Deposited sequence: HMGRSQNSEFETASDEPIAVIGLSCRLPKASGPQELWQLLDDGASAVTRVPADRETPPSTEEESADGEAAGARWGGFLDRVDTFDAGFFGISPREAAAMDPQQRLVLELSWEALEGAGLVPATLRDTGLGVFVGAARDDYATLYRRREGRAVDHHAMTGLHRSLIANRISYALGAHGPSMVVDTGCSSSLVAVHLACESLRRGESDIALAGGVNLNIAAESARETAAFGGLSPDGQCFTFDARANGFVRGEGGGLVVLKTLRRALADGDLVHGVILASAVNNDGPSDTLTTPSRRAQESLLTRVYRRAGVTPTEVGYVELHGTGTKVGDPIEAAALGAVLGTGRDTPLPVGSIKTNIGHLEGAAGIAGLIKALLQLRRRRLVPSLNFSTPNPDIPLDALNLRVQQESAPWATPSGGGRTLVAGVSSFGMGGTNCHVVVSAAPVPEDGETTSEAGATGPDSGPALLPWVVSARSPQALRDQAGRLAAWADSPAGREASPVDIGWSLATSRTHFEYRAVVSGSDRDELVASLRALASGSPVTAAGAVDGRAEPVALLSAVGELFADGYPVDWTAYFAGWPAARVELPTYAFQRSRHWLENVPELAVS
């Protein structure tokens, strides 16, 4: 049974939203910078404790990963057109894949301490915030935890256990002990670059961030009138099994997983236009992945299959990176365009791209035929996951919990209206979406005008009730403006 995606949210280096991520990917820029070599999340010690009703003392000892996941879930719910207050006492499931506890490592060198350093609550707190009755669990499969969580959420939705699911991951590099252990293992690139499918591949670079997506059955999404970002057709999770080494991946396992997932999805070769590589930039995993993809999807194709990896832009996010890649695929399924892949100059001699019928996308070109894409995530332990996703088949009122928050929301709304994406939306649709798809907070600001210019000018000027009967098609709006304050242990 197909699964419909109705919204997503992400937090990546130099990309605080889907629009920022698309701008970064289209421009062909790299967010991997020096340590303030890797991708960083421009301060992770800030949180809006008052928005979620959390005391500053509790938030001080709380894992920033929990706060980041809570903010991502709230943003995804806001961008999906669903009011969180209507999700109380409902069968909503939360699946978050976390495999890192650097904050606990730093702290171990109170009564909410134990509470703020537990990996499970990363999801459970969401069930406490949203008041959902669906299952909430944390999965740990290595670097493919997010994709495994997405598959579990899809299976739960198919079985009818959950009505709406939140699936994704997070990973934040805070403690230096993890960096020391990674360097000691000998997997970090000396130049700090991810040369995916390149002859200069000498390791990977580390990244941090997170992402979440909203999953619902296609039938219910069509019945509810929601807009579909993408349609997941099938998913499968397997293990390498009897590999040569515990760390060495197995080609046959990947080939069998790809074959079974593409047989379950019902999509034959010559129908998939893009495949999201794992793209660790290693000298062993990349040739194996290329050989498996060429044996499974490369054969029986009149044209070379385009491939790419998101790790060339932001780096390896480990347990979260997988969902990030899926998010990228979703973008490629919404703009109908492909983004270039960096760190590619000459083909790897160990990778016969001509024989494998594969080619690396290194330019921005339109996507033509529905469009089908695949996202793969391979864990170091041996867990592999693959997801196949296809394309989908005048007063203004704002609200906030603080006057400064209200001004920030008004400014962000004005900026989004000035953007071409806002320009493509009619004022009536924007007003209807603001009135209906946005929750009403304590402090309220209502503006009136005749055209876009007057409303935008009024919103900038002030930046420094059943409205359903008054008013269309639902359109996306900018998310909430968080007032973040510093919170750290001492």
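Visitor: Since the structure holds only modelled residues, which stretches of the deposited sequence does it leave out?
Guide: Several stretches lack coordinates - namely 1-15, 52-73, 147-152, 413-418, 443-464, 536-567, 575-578, 598-605, in sequence order.
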